[PDB]
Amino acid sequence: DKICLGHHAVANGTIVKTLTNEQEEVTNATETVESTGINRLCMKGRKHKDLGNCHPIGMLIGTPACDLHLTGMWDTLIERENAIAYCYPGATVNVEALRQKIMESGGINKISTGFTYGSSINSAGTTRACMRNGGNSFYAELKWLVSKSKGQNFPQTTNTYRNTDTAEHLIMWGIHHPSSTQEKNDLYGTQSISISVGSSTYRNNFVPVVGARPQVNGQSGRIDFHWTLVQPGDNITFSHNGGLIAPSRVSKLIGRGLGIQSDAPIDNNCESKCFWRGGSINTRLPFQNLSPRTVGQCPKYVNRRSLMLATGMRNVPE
């Protein structure tokens, strides 16, 4: 008469790693690395703004593509591929710093500068590069200033924006760089051209420069955009005689939001805290191998397909 002690075994064992063995066989195991993502933007429970073909910079200068995104509130901003920032060709200085400021904001308010111009200034410069309602237009937050009379010298003019708020404001302006000495003379006169910007914390000078260059959207002219933050209670003064693309509105970035860059479709029926170019990730799991570029609260990225965690004893089959 004998009584025996024993443990279970299974037919189909799983293979895990240990400190001493790379091919240890146990009764059961479970994955620690997430390999499956959701190819949709799970927006349930969050006020989001999908910018479609509007680039975040365009929200500040007011490109036609961004006409529905000039102001608003959100807790997550969605940028899409090939979004448009410029209708009239150009470039923003320190654009990546500026784009990131917007992408971590939670809303934009717009406030008027209040700028007025003398009788020798045409403040409604316009272009076929910024079409709006079947008619030539311009950036909605900026004003292309041109001599009212063709060929005539642009008047030395001064404009000062006061920040009377309790928060800092984002101010953008442009400088027009004409494609020909001809074009420059027609718009601003034959005089020497200079733009001077000064606040209590910022000062800089710009000069429109004539240059031949290829056509972009029908235009060989350029506008280079610049920006600064005006602190509350501070004034910022514009001193110019042609070439300034003046602001009619400044921006105030409100609160905090999550910036997502993806071309995945929005799904308002699922929740997620983790996003990337391909969509969302939702796991209990601590690691993932979907992408090293994520945003939000994500599992840590690892260079492994799989890392099995044993959940049973050594398998000794028979």
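Residue numbers run from 1 along the displayed sequence.
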Subject >> Per the entry, higher mean C-alpha B factor between 263-271 and 54-62 >> reply: 263-271
Original post:
When the C-alpha temperature factors are averaged for each of 92-100 and 132-140, which stretch ends up with the higher value in the entry?
Top reply: 132-140
Subject >> Highest recorded Cα temperature factor - choice among 107, 151, 214, 242 >> reply: 214
**OP:** Using the temperature factors in the entry, find which of 19, 309, 298, 10 has the highest value at its Cα atom.
**Re:** 298
**OP:** Would you please rank residue 36 by its C-alpha temperature factor against the other modelled residues of its chain and give the third it falls in: lowest, middle or highest?
**Re:** highest
Subject >> CA B-factor placement of residue 74, once the chain's modelled residues are sorted into thirds >> reply: lowest
Original post:
Relative to the other modelled residues in the chain, which third contains the C-alpha temperature factor of residue 288: lowest, middle or highest?
Top reply: lowest
**OP:** Compare the C-alpha B factor of residue 238 with those of the other modelled residues in its chain, then answer lowest, middle or highest third.
**Re:** lowest
Original post:
Looking at the C-alpha B-factor of residue 146, is it in the lowest, middle or highest third of its chain?
Top reply: middle
